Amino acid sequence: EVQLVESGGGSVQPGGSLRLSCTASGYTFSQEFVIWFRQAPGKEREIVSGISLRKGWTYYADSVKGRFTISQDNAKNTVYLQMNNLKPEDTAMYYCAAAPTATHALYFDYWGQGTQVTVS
């Protein structure tokens, strides 16, 4: 009984900006870590960012550091991904996922239908 729903994608010019949302519902208290991952057609899933909701620790893929920022709003039970200075290489479907621990990518779960980001 946890569900995550992604929104906020769109088409933007190179250098532009989007804010994605990951809106959670259900008994989400166990799901202390949240990630955003992306998948482009014919490529493998890439984790772009993660956050510990309890401690505020963050992770970023090297190629998004300085461009993307993950944050949370607990009243809205939402995690956001600010994407600034977007690049063609960022084009993909974006999903969010959550887990009780931060040891294995495989344990992250509960992604929704994703949201498309296109940079051109």
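Each residue number is its position in the shown sequence, starting from 1.
- The PDB entry records a higher mean C-alpha B factor for 38-46 than for its counterpart among 38-46 and 63-71.
- Comparing 52-60 with 25-33, the stretch with the higher mean C-alpha B-factor in the PDB entry is 52-60.
- Looking at the C-alpha B-factors along this chain, the one for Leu106 belongs to the highest third.
- Sort the chain's modelled residues by C-alpha temperature factor and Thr118 lands in the middle third, per the entry.
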